[PDB]
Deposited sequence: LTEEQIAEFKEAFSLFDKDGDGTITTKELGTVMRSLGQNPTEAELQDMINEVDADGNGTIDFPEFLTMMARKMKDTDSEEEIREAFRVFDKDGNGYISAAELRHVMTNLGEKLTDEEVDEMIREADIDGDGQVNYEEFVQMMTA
């Protein structure tokens, strides 16, 4: 697992860890999954935790998350709100804030720049995939 990967997984971990206590509870999984338009059942949430909870304590810590970590089009659809096939800074800034993240336009712009391959100022589907593959 590369250094950047552990750091990306750390970032993801932080997005679920609402209280910032080093643990992801079922409540946190549900809350986040509902903010993105999902509707998990208590049983499905219990099973997610169960399927990767090594020490059987009922919550996932960063190390367990790591093991777990160690579909694109659907994720693309969450970012591309207006459905035009392109993610713009404003759409990106929306998702980020939705994830509780508070960031500067400059930062949202740098993020767009990181994924933008052809340099049109937005992220299309192929560029979104490449960034994930």
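- If you line the structure up with the deposited chain, the stretches without a C-alpha atom are 71-80, 144.
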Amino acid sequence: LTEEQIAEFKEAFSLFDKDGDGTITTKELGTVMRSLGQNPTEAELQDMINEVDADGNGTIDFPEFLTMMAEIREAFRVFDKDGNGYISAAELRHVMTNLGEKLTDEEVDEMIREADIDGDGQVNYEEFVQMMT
From here on, numbers count along this sequence of modelled residues.
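- Higher average CA B factor: 18-26, of the stretches 18-26 and 111-119.
- Note on 100-108 vs 43-51: mean CA B-factor is higher in 100-108.
- Comparing the listed residues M68, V32, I60, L92, the entry records the largest Cα B-factor for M68.
- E126 sits in the lowest third of its chain by CA B factor, as recorded in the PDB entry.
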